[PDB]
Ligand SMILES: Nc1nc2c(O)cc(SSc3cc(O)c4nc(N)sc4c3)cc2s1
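As a starting point, one isolated chain is supplied in structure tokens, in the form solved without the ligand.
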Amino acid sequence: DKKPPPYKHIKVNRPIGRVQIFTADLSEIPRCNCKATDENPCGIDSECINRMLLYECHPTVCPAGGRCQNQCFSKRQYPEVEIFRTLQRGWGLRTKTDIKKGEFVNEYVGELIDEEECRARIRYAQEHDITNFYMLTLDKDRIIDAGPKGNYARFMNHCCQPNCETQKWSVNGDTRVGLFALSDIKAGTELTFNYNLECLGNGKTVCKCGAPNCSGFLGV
């Protein structure tokens, strides 16, 4: 209870076994029409077509060059966060800097596994009386398991009225799960999101989010 159980802090998703990882030729990556002279080229308020489709601008082709603000996953531009111990929800994540509405908070990084491996790892965890799951569905047949290996995003708890959301983006021709702010978040505030249908294994865990509209479940 002094420190969270050991995990491998990794920078990017790690395929495991028979999980495939797509990658894109420039042919397959869209090109925006921002200009280097725009106020915040490819920025959150811009009309960047790439941004609007949840695509990163690729740096070798973005007409805004080095000023492009649409590479938040690639450059890993995470606001400063600290792991803290909550009351009833185990370990939590909070921000040490102010975050503006819509700003990129983090990527949910971990091991990529299939239905069979995810089932296996859930069975093992139950038999050992484990209630902490880090499984988040990437697409129809791949699951992020931030349990063994992950980054700071793995400590973000569920809340039924959250202050961040997940968004599925395309980066170098593959899906990445991003956390983005639903509103302005003041420094020291806990970063949560609604698990909705995306997280697995939580089953009958009783929600302790403390939100007025709390369903008593972690999404489902």
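Shifts are known only where both forms have a C-alpha. Take the two forms, find the largest set of C-alpha atoms that superpose within 1.5 Å, and that set is the rigid core. Note that residue numbering follows the sequence shown and begins at 1.
The form solved in complex with the ligand exists for this protein as well; it is not shown, and the discussion that follows is about that form.
Visitor: Taking the pose of the ligand in the deposited bound form and superposing the surrounding C-alphas, is this site open or blocked by backbone or C-beta atoms within 2.4 Å of 3 or more ligand atoms?
Guide: Output flag = blocked.
Visitor: Between the options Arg76, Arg94, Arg119, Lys149, which residue brings a heavy atom to within 4.5 Å of the ligand in the deposited bound form?
Guide: Selected residue: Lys149.
Visitor: Going by heavy atoms within 4.5 Å, which of 172-180, 40-48, 24-32, 150-158 lines up against the ligand in the deposited bound form?
Guide: Looking at the partner contacts, the answer comes out as 150-158.
Visitor: State yes or no: in the deposited bound form, is some non-hydrogen atom of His9 no more than 4.5 angstroms from a non-hydrogen atom of the ligand?
Guide: Result yes; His9 sits at the interface with the ligand in the deposited bound form.
Visitor: Although the ligand is absent from this view, report whether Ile83 comes within 4.5 Å of it in the deposited bound form, heavy atoms only.
Guide: Because a heavy atom of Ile83 falls inside 4.5 Å of the ligand in the deposited bound form, the answer is yes.
Visitor: Taking the ligand as it sits in the deposited bound form, which residues of 1-23 have a non-hydrogen atom within 4.5 Å of it? Please list them.
Guide: Counting only heavy atoms within 4.5 Å of the ligand in the deposited bound form, the contacting residues of 1-23 are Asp1, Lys2, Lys3, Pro4, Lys8, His9.
Visitor: Work out the direction of the Cα-Cα change for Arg76 and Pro6 in the deposited bound form: closer or farther than in this form? It's 3 angstroms or more.
Guide: Closer in the deposited bound form, by 3 Å or more.
Visitor: Might you say whether the CA atoms of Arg14 and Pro6 end up closer or farther apart in the deposited bound form than in this form? Their distance differs by 3 Å or more.
Guide: Closer, not farther.
Visitor: Just list the residue ranges, at least 3 long, where Cα displacement is 2 Å or more throughout between the shown form and the other one after aligning on the core.
Guide: After core superposition, the displaced runs are 1-7, 202-204.
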